[PDB]
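Novice: Below is a structure I'd like to ask you about.
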There are 4 protein chains.
Amino acid sequence: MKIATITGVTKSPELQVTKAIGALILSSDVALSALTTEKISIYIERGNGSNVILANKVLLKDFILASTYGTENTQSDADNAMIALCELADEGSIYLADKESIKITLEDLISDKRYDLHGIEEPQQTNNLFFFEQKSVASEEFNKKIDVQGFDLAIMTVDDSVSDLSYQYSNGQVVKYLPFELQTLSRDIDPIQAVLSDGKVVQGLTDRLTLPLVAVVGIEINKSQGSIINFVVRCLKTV
Amino acid sequence: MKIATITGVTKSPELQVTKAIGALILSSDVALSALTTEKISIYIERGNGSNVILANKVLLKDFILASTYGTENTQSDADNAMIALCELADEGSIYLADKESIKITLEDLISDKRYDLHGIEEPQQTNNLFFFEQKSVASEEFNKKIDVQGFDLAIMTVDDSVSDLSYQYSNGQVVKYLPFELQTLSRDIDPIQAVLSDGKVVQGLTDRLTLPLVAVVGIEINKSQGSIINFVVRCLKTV
Amino acid sequence: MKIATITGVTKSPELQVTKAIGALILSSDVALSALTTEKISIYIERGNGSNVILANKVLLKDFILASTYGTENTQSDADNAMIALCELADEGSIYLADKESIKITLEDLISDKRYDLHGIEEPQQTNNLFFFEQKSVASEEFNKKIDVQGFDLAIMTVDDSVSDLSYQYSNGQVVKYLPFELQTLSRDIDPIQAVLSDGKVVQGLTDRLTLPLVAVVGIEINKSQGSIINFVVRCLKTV
Amino acid sequence: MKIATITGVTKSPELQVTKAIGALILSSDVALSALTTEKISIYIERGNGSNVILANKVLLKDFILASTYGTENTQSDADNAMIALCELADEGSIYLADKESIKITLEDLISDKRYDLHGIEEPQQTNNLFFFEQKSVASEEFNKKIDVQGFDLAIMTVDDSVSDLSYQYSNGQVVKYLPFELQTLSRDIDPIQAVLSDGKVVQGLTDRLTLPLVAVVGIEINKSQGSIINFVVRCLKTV
């Protein structure tokens, strides 16, 4: 069902959903490439316990790209320049116990734009949920190793100062990759990334890269100074 | 083989095919979005028993859309502005006895256009066939229940007077959607509906909506008064 | 890794690859429709006797079209006008026994265009390899039968003289197709052949057609005199 | 044997050595104290397997200082202003197996300068090799503790922010040193670090310090905010 419509304000109010949903539809008149600083934060609140945080100030571009990788792609309309569907659980929907609800907030919005939220319910309830985490490589340092065991998808910020990537697999084999090779490998699973309103397609953003991780237990990044690199990693687990 | 080429008239001659075909190819110089009133009628004239009716004046837009849902789409050559492949059977082709035939006819054409029919033969024979049925919702009706048990695909005429549509599943849950929600959810299965000659792609017609029915046993329509809603449903069965 | 950057010459030198690779990346500033006479030759050199010939002076267009059939398609970029990923083995990379290495070369290049090779490494090794063969039908004859058993993919040249293409399957059934029917049927599996730089798509090349051979043991060509018809077939086998 | 000469370019091509060498001779017309940002990278390559990295983008000053500590020192001549010999194995040459080779590259050079590489081989072969690693202390942190167990040498960045540095020995005792005390103890073992072309000698550099770690299992560095501090450590292990 329709959740909220935000316009004319920089910060969206705390939105509460008491109905068990399975996915969220984000629709806005801002094109996906034009999104700059919008952030989202979704979690599950319990009456007599600690909250369960699924996302925490995740960038809208990273959230959309992580949630729409595969056969699907973000679409458009005559009135909305961006429509995306992002699922919060595998197969079924989220099971809500007593005194349990869902809370969604939006931050860093543009004054003269529009945003909408829609909730998508399912005929089933499941215990598996999606979590989003962030890993940063600082600008001052040169190389860094980050452990991505248990994750199945990552989003890299694309920059020209990054030179080398290293993948360590489960069987201990280490493979060397370049940004060009990584982009070409990424575009062999989901060729088209988005469809524009006028009819043209875009096969990938110029500042984000979607890395599918299978049997990967580590990522080493070799770069130079002057820029900060960010990874948005997605995982599935039972709460 | 080439069945017919029709131009200059408003009604097709009663065409007959004796060879066992499994699929039809409809080609025309009229774009997919420019089809208005053309209709098709297909039926197999059996010799031992009753005849088989596969399509009874089905509108050409819905006939094309109900067959090209999934990995495929309707294409366009440099000469023909619309080419579509529509299957009449499952896997193999239609099994025909010594003197049986398949009779096809077209109605409500345009005198300054051209329509071309092709038939595809297949190595195997089968008895399973696809049936296209038509359902209607009256102008004075408020809410209506339709049993879609056994079907797997429907096409509805998009109208502004339709408020809600509710899916009833096999296990007994009822989920109420919206037109926008249904469009978004259906666009994630076949993100591309057609490809134009100039290279632009179209992700969906603005006046038809395709609904895939998986484990769905009921459809409830809630709308206002003053319009007739049209559904074209496809089913697979053995005759 | 980086293999070669050929620019300013009409013939690339012999290139040796010592470590195991499983895929090549061909990149250039000429689009898929701008490749005319470029040829590629890949083989495996054994130190003490005999070589394994995978591809010998195969046209670059046919090599690219025989590898990117299916979900994938040839990519573009803001700098590279064509990128194509062609796998040289199934699943893993090519296993190398004692004292052998891969060797690649190019012929018939345009002296004012840029070509680049990249290699892809994998964490697995395999024995299966992809072999490419070429078949021809002369210009002074009318009909001819060719035997394609064991090949899973073929590429034929498209000419106006081709009238009928008869298939012969493993159960003995014979089906006669037309060029239009073949073109329509081949686009039901891969509807998009390439994605252009500006955001448009192309569903196929004008002079080349791709035929997937499943349960097919023979082909017959009925054509008029005037043009030589060329086939490039791909097979998978162990070495 | 001679490997390569570099002049004009800021980056060296990936240099391959197939003959088993045991030491590298680096020659340049810029004095040892004049090196600013030149980097070196060396690794052993297996044709079908994983590479064995010995040094990955190590500063040339640190590479030279970590190998010429003791009785030896970097020398010079009328033509070459800096000649340094760096050993890559324990007491023989690298034993290359069936398909291994050696790859060396140089990065971030100066356009108007000259660099020369030479290789030294000897009748003995061995498996023990020298590995180079790098450790860092952030520019915002006060007190840091690092582990140096198993390493036999370190090159630290001399900065005026350093106040205290305490060793921890294998018997449990902790001794605190100042920069002046550390420099004096370092020059107590190796008094002369280089001999200039004209005839003067230099005892050590103004920004790098060499620490021999004998029976030391931990280091604690106590400083103030302002800058990053780099350690380059070296170890010997069997491949």
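Chain labels A, B, ... are given in the sequence in which chains occur in the structure tokens; within each chain residues are numbered consecutively from 1, and ligands are likewise numbered from 1 in the order shown.
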Residue C:13: which residues within 12 Å, counting only C-alpha atoms, same-chain residues fewer than 4 positions away excluded, as a PyMOL selection string?

Specialist: chain C and resi 3-7+9+40-41+103-109

Novice: Name all residues at most 10 Å from residue C:159 (count only C-alpha atoms; drop same-chain ones fewer than 2 positions away) and give them as a VMD selection string.

Specialist: chain C and resid 156 to 157 161 to 163 179 206 to 208 223 226 to 229

Novice: Counting only C-alpha atoms, collect the residues of chain D whose closest atom lies at most 8 Å from chain A, and write them out as a PyMOL selection string.

Specialist: chain D and resi 49-51

Novice: Counting only C-alpha atoms, what is within 9 Å of stretch 126-131 of chain B, bar same-chain residues fewer than 6 positions away, as a list in words?

Specialist: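 Contacts, with the query itself left out: residues 53, 54, 55, 87, 88, 89, 90, 91, 92, 93, 94, 95, 233, 234, 235, 236, 237, 238 and 239 of chain B.
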
Novice: What does the distance from atom CA of residue C:101 to atom CA of residue D:44 come to in Å, to one decimal?

Specialist: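 Calculated distance between atom CA of residue C:101 and atom CA of residue D:44 is 17.1 Å.
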
Novice: Need the shell around residue B:18: protein/DNA/RNA residues with any atom at most 10 Å away, counting only C-alpha atoms. Skip same-chain ones fewer than 2 positions apart. Format as a count of residues only?

Specialist: 11

Novice: Compile the contact shell of stretch 78-83 of chain D as a ChimeraX atom specification: residues with an atom at most 7 Å away, counting only C-alpha atoms, same-chain residues fewer than 5 positions apart removed.

Specialist: /D:25-32,197

Novice: Store the residues picked out above, limited to N, CA and C atoms, as a PDB file, in the first residue's frame.

Specialist:
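Final file, part_2.pdb:
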```pdb
ATOM      1  N   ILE D  25      70.919  -5.804  -9.437  1.00  0.00           N
ATOM      2  CA  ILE D  25      71.780  -4.631  -9.373  1.00  0.00           C
ATOM      3  C   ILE D  25      70.988  -3.455  -9.921  1.00  0.00           C
ATOM      4  N   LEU D  26      70.746  -2.465  -9.069  1.00  0.00           N
ATOM      5  CA  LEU D  26      70.052  -1.243  -9.445  1.00  0.00           C
ATOM      6  C   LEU D  26      71.071  -0.128  -9.615  1.00  0.00           C
ATOM      7  N   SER D  27      71.059   0.510 -10.780  1.00  0.00           N
ATOM      8  CA  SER D  27      71.990   1.585 -11.078  1.00  0.00           C
ATOM      9  C   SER D  27      71.215   2.813 -11.523  1.00  0.00           C
ATOM     10  N   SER D  28      71.660   3.983 -11.077  1.00  0.00           N
ATOM     11  CA  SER D  28      70.974   5.216 -11.429  1.00  0.00           C
ATOM     12  C   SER D  28      71.942   6.384 -11.326  1.00  0.00           C
ATOM     13  N   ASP D  29      71.587   7.476 -11.994  1.00  0.00           N
ATOM     14  CA  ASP D  29      72.379   8.697 -11.953  1.00  0.00           C
ATOM     15  C   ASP D  29      71.898   9.679 -10.892  1.00  0.00           C
ATOM     16  N   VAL D  30      70.899   9.310 -10.097  1.00  0.00           N
ATOM     17  CA  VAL D  30      70.459  10.121  -8.976  1.00  0.00           C
ATOM     18  C   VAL D  30      70.931   9.468  -7.685  1.00  0.00           C
ATOM     19  N   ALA D  31      71.485  10.284  -6.794  1.00  0.00           N
ATOM     20  CA  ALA D  31      72.087   9.768  -5.577  1.00  0.00           C
ATOM     21  C   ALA D  31      71.036   9.116  -4.685  1.00  0.00           C
ATOM     22  N   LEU D  32      71.517   8.337  -3.715  1.00  0.00           N
ATOM     23  CA  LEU D  32      70.614   7.594  -2.844  1.00  0.00           C
ATOM     24  C   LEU D  32      69.734   8.533  -2.032  1.00  0.00           C
ATOM     25  N   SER D 197      80.364   9.658  -5.038  1.00  0.00           N
ATOM     26  CA  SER D 197      81.245   9.524  -6.195  1.00  0.00           C
ATOM     27  C   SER D 197      82.523  10.335  -6.027  1.00  0.00           C
TER      28      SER D 197
END
```

Novice: Please report, as a ChimeraX atom specification, each residue of stretch 1-84 of chain A to which DSSP assigns alpha helix (DSSP H) when run on this structure's backbone.

Specialist: /A:60-67

Novice: May I have the residues from that selection written out with N, CA, C and O atoms, as a compact mmCIF listing (two decimals), in the first residue's frame?

Specialist:
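Final output, again_6.txt:
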```txt
# COMPACT_ATOMS: atom_id res chain seq x y z
N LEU A 60 20.97 6.04 -1.55
CA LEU A 60 19.86 5.56 -2.36
C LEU A 60 20.36 4.82 -3.60
O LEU A 60 19.81 3.78 -3.97
N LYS A 61 21.41 5.34 -4.25
CA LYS A 61 21.96 4.67 -5.42
C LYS A 61 22.48 3.28 -5.06
O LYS A 61 22.22 2.31 -5.78
N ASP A 62 23.21 3.18 -3.96
CA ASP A 62 23.76 1.89 -3.55
C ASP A 62 22.65 0.91 -3.19
O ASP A 62 22.69 -0.26 -3.58
N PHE A 63 21.63 1.38 -2.46
CA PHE A 63 20.50 0.53 -2.10
C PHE A 63 19.80 0.00 -3.35
O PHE A 63 19.54 -1.20 -3.47
N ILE A 64 19.52 0.89 -4.30
CA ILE A 64 18.81 0.50 -5.52
C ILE A 64 19.64 -0.47 -6.34
O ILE A 64 19.13 -1.50 -6.82
N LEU A 65 20.93 -0.18 -6.52
CA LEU A 65 21.78 -1.05 -7.33
C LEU A 65 21.95 -2.42 -6.70
O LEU A 65 21.94 -3.44 -7.40
N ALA A 66 22.11 -2.47 -5.37
CA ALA A 66 22.22 -3.75 -4.70
C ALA A 66 20.94 -4.55 -4.81
O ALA A 66 20.97 -5.78 -5.00
N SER A 67 19.78 -3.89 -4.70
CA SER A 67 18.52 -4.62 -4.68
C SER A 67 17.98 -4.94 -6.07
O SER A 67 17.05 -5.74 -6.18
```

Novice: Could you go through stretch 33-92 of chain B and tell me which residues DSSP, when run on the backbone, assigns to strand (DSSP E), listing them as a PyMOL selection string?

Specialist: chain B and resi 39-45+52-59+82-87

Novice: Could you work out how far atom CA of residue D:59 lies from atom CA of residue D:232, giving the answer in Å with one decimal?

Specialist: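 Distance reported for this atom pair: 9.1 Å.
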
Novice: For residue B:231, find every residue with an atom within 8 Å (counting only C-alpha atoms), except residues of its own chain fewer than 6 positions away, and show them as a list in words.

Specialist: residues 134, 135, 136, 154, 155, 156 and 157 of chain B

Novice: Generate a file of the selected residues that holds N, CA, C and O atoms, formatted as an mmCIF file, in the first residue's frame.

Specialist:
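Result written to again-v9.cif:
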```cif
data_model
loop_
_atom_site.group_PDB
_atom_site.id
_atom_site.type_symbol
_atom_site.label_atom_id
_atom_site.label_comp_id
_atom_site.auth_asym_id
_atom_site.auth_seq_id
_atom_site.Cartn_x
_atom_site.Cartn_y
_atom_site.Cartn_z
ATOM 1 N N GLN B 134 -11.986 -14.943 -23.257
ATOM 2 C CA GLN B 134 -12.278 -13.534 -23.034
ATOM 3 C C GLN B 134 -13.253 -13.387 -21.876
ATOM 4 O O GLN B 134 -14.255 -14.107 -21.807
ATOM 5 N N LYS B 135 -12.958 -12.454 -20.973
ATOM 6 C CA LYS B 135 -13.784 -12.171 -19.810
ATOM 7 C C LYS B 135 -14.104 -10.684 -19.778
ATOM 8 O O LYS B 135 -13.309 -9.853 -20.225
ATOM 9 N N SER B 136 -15.277 -10.349 -19.244
ATOM 10 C CA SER B 136 -15.749 -8.973 -19.256
ATOM 11 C C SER B 136 -16.333 -8.600 -17.901
ATOM 12 O O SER B 136 -16.905 -9.435 -17.198
ATOM 13 N N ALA B 154 -2.812 -13.457 -18.035
ATOM 14 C CA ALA B 154 -3.967 -12.643 -18.378
ATOM 15 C C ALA B 154 -3.498 -11.292 -18.893
ATOM 16 O O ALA B 154 -2.385 -10.852 -18.612
ATOM 17 N N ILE B 155 -4.358 -10.645 -19.671
ATOM 18 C CA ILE B 155 -4.131 -9.288 -20.153
ATOM 19 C C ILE B 155 -5.393 -8.485 -19.892
ATOM 20 O O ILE B 155 -6.475 -8.860 -20.353
ATOM 21 N N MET B 156 -5.256 -7.381 -19.169
ATOM 22 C CA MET B 156 -6.380 -6.531 -18.824
ATOM 23 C C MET B 156 -6.257 -5.181 -19.513
ATOM 24 O O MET B 156 -5.154 -4.659 -19.716
ATOM 25 N N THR B 157 -7.407 -4.626 -19.884
ATOM 26 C CA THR B 157 -7.454 -3.274 -20.426
ATOM 27 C C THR B 157 -7.317 -2.277 -19.281
ATOM 28 O O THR B 157 -8.142 -2.262 -18.362
#
```

Novice: Suppose you want the space between atom CA of residue C:203 and atom CA of residue A:74; what is it in Å?

Specialist: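 Straight-line distance from atom CA of residue C:203 to atom CA of residue A:74 works out to 21.4 Å.
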
Novice: Using only C-alpha atoms, which protein or nucleic acid residues come within 10 Å of residue D:69? Drop anything in the same chain fewer than 6 positions from it, and give the result as a list in words.

Specialist: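 Residues near the query, excluding close chain neighbours: residues 153, 189, 190, 191, 192, 193, 210, 211 and 212 of chain D.
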
Novice: Taking C-alpha atoms for each residue, export the selection above as a PDB file, in the first residue's frame.

Specialist:
```pdb
ATOM      1  CA  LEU D 153      65.007  -5.858   9.887  1.00  0.00           C
ATOM      2  CA  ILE D 189      76.457  -1.582  13.930  1.00  0.00           C
ATOM      3  CA  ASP D 190      76.729  -0.073  10.428  1.00  0.00           C
ATOM      4  CA  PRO D 191      78.690   3.207  10.551  1.00  0.00           C
ATOM      5  CA  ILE D 192      78.764   3.934   6.800  1.00  0.00           C
ATOM      6  CA  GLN D 193      75.624   3.734   4.659  1.00  0.00           C
ATOM      7  CA  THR D 210      67.247   1.164  10.126  1.00  0.00           C
ATOM      8  CA  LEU D 211      66.416  -1.060  13.109  1.00  0.00           C
ATOM      9  CA  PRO D 212      67.830  -4.600  13.440  1.00  0.00           C
TER      10      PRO D 212
END
```
